[PDB]
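For reference, the structure is listed below as structure tokens.
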Amino acid sequence: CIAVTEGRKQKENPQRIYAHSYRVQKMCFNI
Amino acid sequence: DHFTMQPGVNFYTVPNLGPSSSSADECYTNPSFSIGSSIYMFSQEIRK
Amino acid sequence: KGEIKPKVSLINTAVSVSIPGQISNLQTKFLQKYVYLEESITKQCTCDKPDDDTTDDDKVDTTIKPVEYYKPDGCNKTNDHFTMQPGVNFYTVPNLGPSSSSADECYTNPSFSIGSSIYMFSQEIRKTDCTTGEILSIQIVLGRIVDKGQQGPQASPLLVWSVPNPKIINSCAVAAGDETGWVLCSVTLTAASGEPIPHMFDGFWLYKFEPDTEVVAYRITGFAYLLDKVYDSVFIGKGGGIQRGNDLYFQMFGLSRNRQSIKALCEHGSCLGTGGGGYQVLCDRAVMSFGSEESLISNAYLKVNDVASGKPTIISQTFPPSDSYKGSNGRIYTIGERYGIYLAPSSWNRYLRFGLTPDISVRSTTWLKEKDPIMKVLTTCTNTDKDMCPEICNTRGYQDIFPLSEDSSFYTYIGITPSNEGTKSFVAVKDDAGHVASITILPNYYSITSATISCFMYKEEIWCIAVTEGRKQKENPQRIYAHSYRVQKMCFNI
Amino acid sequence: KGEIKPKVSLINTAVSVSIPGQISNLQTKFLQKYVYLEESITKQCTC
Ligand SMILES: *[C@@H]1O[C@H](CO)[C@@H](O)[C@H](O)[C@H]1NC(C)=O
Ligand code: NA
Ligand code: NA
Ligand code: NA
């Protein structure tokens with residue numbers, strides 16, 4: 001999955017747009 | 001059995017999705033992002 | 001302007017950075033699989049990344065990372081000596097910055113800095129003579145260190161820029177942080193005719209460079225800076241500077257006016273000769289400029305505050321004459337959680353001047369007791385190396401060191417020795433016990449006059465790149481060259 | 001002639017020289033490793 005966000009890296013920086021990627025994993029727990 | 005899906009541990013970066021600028025009086029706002037079969041569309045507004 | 005240029009920049013970035021990284025990753029995986037196959041073959045036949053998490057996830061390129069000092073683990077239990085020694089080879093690092101074949105032009109005063117994954121480079125082009133020649137241009141390069149198919153690391157320039165109004169600039173330097181480069185330049189007072197008044201002070205200029213963006217210029221003058229002493233002229237140390245947090249740190253030197261008593265630092269070993277207190281008088285006069293006690297040449301820490309806000313300000317701290325010799329070019333280093341300063345030799349002491357401070361303060365700086373790098377070129381001084389006799393002389397040269405340990409007990413440097421024709425140069429590593437491991441370098445080249453070293457982590461080892469200035473042949477004009485070497489650890493047992 | 005031309009020259013150098021050398025070095029290393037693998041197979045799984 002890819003996520004697009006707004007934000008500022010530093011407190012006094014102007015707003016910008018960033019993008020990051022992550023993986024969703026199947027799991028099978030046993031209780 | 002409990003079938004579950006969980007988020008992965010790393011949050012990688014995707015550099016250069018769209019062009020940016022170093023000006024300090026411009027704000028990039030209101031992105032619109034969509035992914036198709038093989039292509040992606042991205043939209044942004046610059047406001048002063 | 002709208003279509004061709006951004007796409008050309010994208011093509012340059014993709015062919016110079018991305019594809020080499022992809023191929024290097026493929027090769028690394030191939031070798032790993034081969035090793036695994038060999039191990040399985042030997043074993044069977046008869047007769048996921050939490051450490052990389054929050055570490056390399058935010059990095060665009062993972063070729064290099066900041067240095068991580070070697071540890072004596074394993075070496076310790078048997079009586080043993082743990083030592084670091086230089087690699088045998090000194091590979092070229094071609095096209096670090098653009099060059100020219102003009103014979104009237106000299107490339108001088110290089111400034112080199114390495115960030116997290118980017119590098120910043122600066123050079124001056126002066127007509128005719130290197131020292132007192134008109135500044136034709138000042139060129140800045142921002143790039144990345146990448147792994148091509150060659151043995152050593154390589155450099156890929158990403159942005160080349162020319163400083164506006166080069167004539168009115170006294171001197172300046174560069175610093176590198178993650179995805180960011182900074183250039184601090186000092187200007188002089190120009191008035192009346194357009195020709196600048198040499199060796200004056202009129203403020204600073206600060207330039208910020210980021211990848212695939214436009215350079216940002218800030219003017220620091222008037223009430224935006226507060227130096228602790230009245231400086232007639234201000235120069236920025238060619239070594240460079242560093243960024244910590246929202247603040248930058250540089251070294252400066254220049255003419256400063258004072259009215260107090262002067263007792264210049266006088267450390268030397270059994271000079272004898274005349275003596276009788278005349279050495280103290282010579283030491284006091286050396287730091288003076290043109291004899292008058294009013295004006296001295298002073299060294300100073302320089303601090304730039306709130307760079308992210310958009311209104312940077314500058315403060316400074318001046319070294320007293322009792323704790324220093326005459327001002328010269330310097331460099332600021334971050335070692336571990338503490339910082340260091342290297343001061344080049346100008347005047348009679350020609351030993352190495354390195355100091356360690358935890359908070360970048362004048363009153364909390366302690367100097368190393370090591371003499372290993374001794375400048376023997378570009379000096380008019382006549383005192384012997386064994387004992388440094390106070391004398392009035394000028395030395396113009398730059399050879400810095402890179403600490404390889406938290407307390408700077410290990411370090412690497414480059415030594416240059418004058419000869420009948422040109423100079424002879426070697427690269428050396430200095431350990432705790434007092435031993436030097438040396439390898440001669442650049443045999444073909446005629447002469448080398450300076451060297452600056454910066455080290456990093458590359459392929460699970462410490463690699464260093466040295467930027468020197470010199471002449472390949474006797475009649476060629478002076479140019480600047482970059483080469484790479486590795487530092488390898490050893491556990492010798494006696 | 002201030003920006004575009006040097007970048008074009010750099011791209012030409014990158015595509016004509018560096019990348020072919022990297023790919024050739026990869027192939028050379030791969031062939032050497034295959035030779036070593038065959039030698040070790042013959043030496044060890046001979047039985
Ligand atoms: C300790 O050093 C001595 C010589 O100084 C050497 O002969 C001896 O082998 C060393 N100890 C070991 C077990 O390495
Ligand atoms: Na394999
Ligand atoms: Na193989
Ligand atoms: Na193979």
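Every chain in the structure tokens takes a letter, A first, then B, and so on in the order presented; its residues are numbered from 1, and the ligands are numbered from 1 following the presented order.
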
Do a neighbour search on range 6-17 of chain A at 12 Å with only C-alpha atoms, toss out local chain neighbours closer than 5 positions, and write the hits as a VMD selection string.
(chain B and resid 14 to 33 42 to 48) or (chain C and resid 245 to 246 306 to 311)

Return the neighbours of chain C among the residues of chain D, cut-off 6 Å, counting only C-alpha atoms, as an MDAnalysis selection string.
chainID D and resid 11 22 45 47

Just to be explicit: take each residue in the selection above, keep N, CA and C atoms, and write the result as a PDB file, in the first residue's frame.
```pdb
ATOM      1  N   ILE D  11      25.120  12.175 -19.606  1.00  0.00           N
ATOM      2  CA  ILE D  11      24.245  11.047 -19.914  1.00  0.00           C
ATOM      3  C   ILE D  11      24.873  10.162 -20.982  1.00  0.00           C
ATOM      4  N   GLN D  22      29.962  -2.026 -15.952  1.00  0.00           N
ATOM      5  CA  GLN D  22      29.368  -2.661 -14.779  1.00  0.00           C
ATOM      6  C   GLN D  22      28.746  -4.006 -15.139  1.00  0.00           C
ATOM      7  N   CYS D  45      31.396 -33.886  -3.871  1.00  0.00           N
ATOM      8  CA  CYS D  45      30.369 -34.902  -4.069  1.00  0.00           C
ATOM      9  C   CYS D  45      30.870 -36.081  -4.895  1.00  0.00           C
ATOM     10  N   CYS D  47      32.519 -38.872  -3.858  1.00  0.00           N
ATOM     11  CA  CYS D  47      32.227 -40.117  -3.142  1.00  0.00           C
ATOM     12  C   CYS D  47      32.801 -41.360  -3.824  1.00  0.00           C
TER      13      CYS D  47
END
```

Smallest atom-to-atom distance to chain B: which of C:215, C:106, C:404, C:191, using only C-alpha atoms?
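Looking at the shortest contact to chain B, the residue is C:215.
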
Give me, as a tab-separated table, each residue of chain A that comes within 7 Å of chain B, together with its shortest interatomic pair and the distance in Å at one decimal, counting only C-alpha atoms, with rows ordered by chain and rising residue number.
```
residue	atom	partner	partner_atom	distance
A:14	CA	B:24	CA	6.1
A:15	CA	B:27	CA	5.3
A:16	CA	B:28	CA	5.2
A:17	CA	B:28	CA	6.6
A:19	CA	B:14	CA	5.4
A:20	CA	B:13	CA	4.3
A:21	CA	B:12	CA	5.1
A:22	CA	B:11	CA	5.5
A:23	CA	B:8	CA	5.1
A:24	CA	B:7	CA	4.9
A:25	CA	B:5	CA	5.4
A:26	CA	B:5	CA	4.7
A:27	CA	B:4	CA	5.2
A:28	CA	B:3	CA	4.8
A:29	CA	B:2	CA	5.1
A:30	CA	B:1	CA	4.8
A:31	CA	B:1	CA	6.7
```

Write the residues of the selection above to a file with N, CA, C and O atoms, as a compact mmCIF listing (two decimals), in the first residue's frame.
```
# COMPACT_ATOMS: atom_id res chain seq x y z
N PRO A 14 7.62 25.17 5.30
CA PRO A 14 6.30 25.28 4.68
C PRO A 14 5.68 23.90 4.44
O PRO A 14 6.39 22.92 4.42
N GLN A 15 4.37 23.82 4.30
CA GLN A 15 3.72 22.55 4.10
C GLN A 15 4.08 21.91 2.80
O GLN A 15 4.19 22.58 1.79
N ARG A 16 4.24 20.60 2.82
CA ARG A 16 4.53 19.88 1.60
C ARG A 16 3.79 18.56 1.59
O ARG A 16 3.01 18.30 2.48
N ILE A 17 4.02 17.73 0.60
CA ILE A 17 3.33 16.46 0.40
C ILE A 17 4.38 15.36 0.28
O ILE A 17 5.34 15.49 -0.48
N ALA A 19 5.14 10.85 0.35
CA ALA A 19 4.57 9.53 0.03
C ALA A 19 5.40 8.35 0.53
O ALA A 19 6.59 8.33 0.30
N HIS A 20 4.78 7.37 1.17
CA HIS A 20 5.48 6.21 1.73
C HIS A 20 4.78 4.90 1.46
O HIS A 20 3.59 4.91 1.27
N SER A 21 5.49 3.78 1.48
CA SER A 21 4.94 2.46 1.14
C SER A 21 5.08 1.38 2.19
O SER A 21 6.09 1.31 2.84
N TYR A 22 4.05 0.57 2.39
CA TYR A 22 4.06 -0.52 3.38
C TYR A 22 3.42 -1.82 2.89
O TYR A 22 2.68 -1.81 1.93
N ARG A 23 3.72 -2.93 3.53
CA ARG A 23 3.18 -4.23 3.15
C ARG A 23 2.22 -4.80 4.16
O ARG A 23 2.46 -4.74 5.35
N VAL A 24 1.10 -5.33 3.69
CA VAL A 24 0.13 -5.96 4.57
C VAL A 24 0.33 -7.45 4.54
O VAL A 24 0.37 -8.05 3.47
N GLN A 25 0.47 -8.07 5.70
CA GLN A 25 0.77 -9.50 5.76
C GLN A 25 -0.29 -10.42 6.33
O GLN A 25 -0.91 -10.10 7.32
N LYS A 26 -0.50 -11.57 5.70
CA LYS A 26 -1.42 -12.56 6.20
C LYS A 26 -0.83 -13.23 7.41
O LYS A 26 0.36 -13.51 7.44
N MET A 27 -1.64 -13.50 8.42
CA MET A 27 -1.16 -14.15 9.62
C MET A 27 -2.16 -15.18 10.08
O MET A 27 -3.34 -15.07 9.80
N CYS A 28 -1.69 -16.19 10.79
CA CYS A 28 -2.57 -17.24 11.29
C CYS A 28 -2.19 -17.63 12.70
O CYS A 28 -1.32 -18.45 12.90
N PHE A 29 -2.85 -17.03 13.68
CA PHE A 29 -2.53 -17.33 15.07
C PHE A 29 -3.35 -18.51 15.57
O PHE A 29 -4.42 -18.83 15.03
N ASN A 30 -2.84 -19.18 16.60
CA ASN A 30 -3.51 -20.33 17.19
C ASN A 30 -3.64 -20.12 18.69
O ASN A 30 -2.64 -19.86 19.37
N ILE A 31 -4.87 -20.22 19.20
CA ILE A 31 -5.12 -20.03 20.62
C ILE A 31 -5.55 -21.33 21.27
O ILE A 31 -5.88 -22.30 20.58
```

If we count only C-alpha atoms, what is near residue 85 in chain C at a cut-off of 12 Å, once residues fewer than 6 positions away on the same chain are taken out, given as a ChimeraX atom specification?
/C:404,410-413,427-431,435-439,462-463,485-492

Taking only C-alpha atoms and all ligand atoms and a cut-off of 12 Å, can you tell me which residues surround ligand 1, written as a ChimeraX atom specification?
/C:75-81,491-494

Restricting it to C-alpha atoms, dump the selection as a compact mmCIF listing (two decimals), in the first residue's frame.
```
# COMPACT_ATOMS: atom_id res chain seq x y z
CA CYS C 75 41.34 -8.83 19.69
CA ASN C 76 41.46 -8.38 23.45
CA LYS C 77 41.78 -11.73 25.18
CA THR C 78 45.18 -12.93 24.01
CA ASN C 79 47.98 -10.46 24.50
CA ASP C 80 47.34 -8.56 21.30
CA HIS C 81 47.66 -5.34 19.40
CA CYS C 491 44.76 -8.04 15.32
CA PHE C 492 48.45 -8.72 15.39
CA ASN C 493 49.76 -10.90 18.17
CA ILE C 494 53.32 -10.50 19.26
```

Within 9 Å of ligand 4, counting only C-alpha atoms and all ligand atoms, residues as a PyMOL selection string:
(chain C and resi 34) or (chain D and resi 30-38)

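Our summary of the geometry notes that CA of residue 28 in chain C is positioned 10.0 Å from CA of residue 459 in chain C.
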
Just want the 9 Å neighbourhood of residue 279 in chain C, counted on only C-alpha atoms, with same-chain residues fewer than 2 positions away dropped. Output as a CSV table (one decimal) with N, CA, C and O atoms, in the first residue's frame.
```csv
chain,number,residue,atom,x,y,z
C,266,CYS,N,53.7,29.9,23.8
C,266,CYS,CA,55.1,29.6,23.4
C,266,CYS,C,55.4,28.2,23.9
C,266,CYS,O,55.9,28.0,25.1
C,274,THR,N,69.9,31.4,21.1
C,274,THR,CA,69.8,32.7,21.8
C,274,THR,C,69.0,32.7,23.1
C,274,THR,O,69.5,32.9,24.2
C,275,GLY,N,67.7,32.4,22.9
C,275,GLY,CA,66.8,32.3,24.1
C,275,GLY,C,66.8,33.5,24.9
C,275,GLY,O,66.7,34.7,24.3
C,276,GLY,N,66.8,33.4,26.2
C,276,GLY,CA,66.8,34.5,27.1
C,276,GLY,C,65.6,35.4,27.1
C,276,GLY,O,65.7,36.6,27.5
C,277,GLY,N,64.4,34.9,26.8
C,277,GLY,CA,63.2,35.6,26.7
C,277,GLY,C,62.9,36.3,25.4
C,277,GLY,O,61.8,36.8,25.2
C,281,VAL,N,59.2,37.3,23.1
C,281,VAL,CA,58.9,38.5,22.3
C,281,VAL,C,58.6,38.1,20.8
C,281,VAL,O,57.7,38.7,20.2
C,282,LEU,N,59.3,37.1,20.3
C,282,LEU,CA,59.0,36.7,18.9
C,282,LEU,C,57.7,36.1,18.8
C,282,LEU,O,56.9,36.3,17.8
C,283,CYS,N,57.3,35.3,19.8
C,283,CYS,CA,56.0,34.7,19.8
C,283,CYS,C,54.9,35.7,19.9
C,283,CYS,O,53.8,35.6,19.2
C,284,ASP,N,55.1,36.7,20.7
C,284,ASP,CA,54.1,37.8,20.8
C,284,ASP,C,54.0,38.6,19.5
C,284,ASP,O,52.9,39.0,19.1
C,389,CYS,N,61.8,26.2,16.7
C,389,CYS,CA,62.3,27.5,17.2
C,389,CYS,C,61.4,28.6,16.8
C,389,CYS,O,61.1,28.7,15.6
C,390,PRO,N,61.0,29.4,17.8
C,390,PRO,CA,60.2,30.5,17.4
C,390,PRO,C,60.9,31.4,16.4
C,390,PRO,O,62.0,31.8,16.6
C,391,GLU,N,60.2,31.8,15.3
C,391,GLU,CA,60.8,32.6,14.3
C,391,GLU,C,59.6,33.3,13.6
C,391,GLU,O,58.5,32.9,13.8
```

Spatial neighbours of residue 221 in chain C, 12 Å, only C-alpha atoms, chain gap at least 3 places, as a PyMOL selection string
chain C and resi 185-189+201-206+218+224-227+311-315

Those of chain B in DSSP strand (DSSP E or B), formatted as a PyMOL selection string:
chain B and resi 2-7+12-13+27-35+40-47

Writing out the chosen residues with C-alpha atoms as a tab-separated table (two decimals), in the first residue's frame:
```tsv
chain	number	residue	atom	x	y	z
B	2	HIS	CA	-7.45	-16.76	14.06
B	3	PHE	CA	-6.92	-15.45	10.54
B	4	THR	CA	-5.66	-11.89	10.72
B	5	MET	CA	-3.82	-9.35	8.60
B	6	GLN	CA	-1.26	-7.06	10.22
B	7	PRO	CA	0.78	-4.05	9.08
B	12	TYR	CA	9.65	3.00	3.12
B	13	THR	CA	9.74	6.23	1.12
B	27	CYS	CA	2.05	25.77	0.20
B	28	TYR	CA	1.25	22.49	-1.47
B	29	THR	CA	-2.21	21.39	-0.53
B	30	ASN	CA	-5.12	19.11	-1.40
B	31	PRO	CA	-3.51	16.06	-3.07
B	32	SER	CA	-5.56	13.66	-5.14
B	33	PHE	CA	-3.95	10.27	-5.69
B	34	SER	CA	-5.26	7.25	-7.58
B	35	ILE	CA	-3.74	3.96	-8.74
B	40	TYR	CA	-1.06	6.36	-11.22
B	41	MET	CA	-2.55	9.86	-11.18
B	42	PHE	CA	-1.43	12.57	-8.77
B	43	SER	CA	-2.77	16.09	-8.30
B	44	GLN	CA	-1.71	19.02	-6.11
B	45	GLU	CA	-2.50	22.71	-5.65
B	46	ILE	CA	0.01	25.45	-4.86
B	47	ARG	CA	-1.47	28.39	-2.97
```
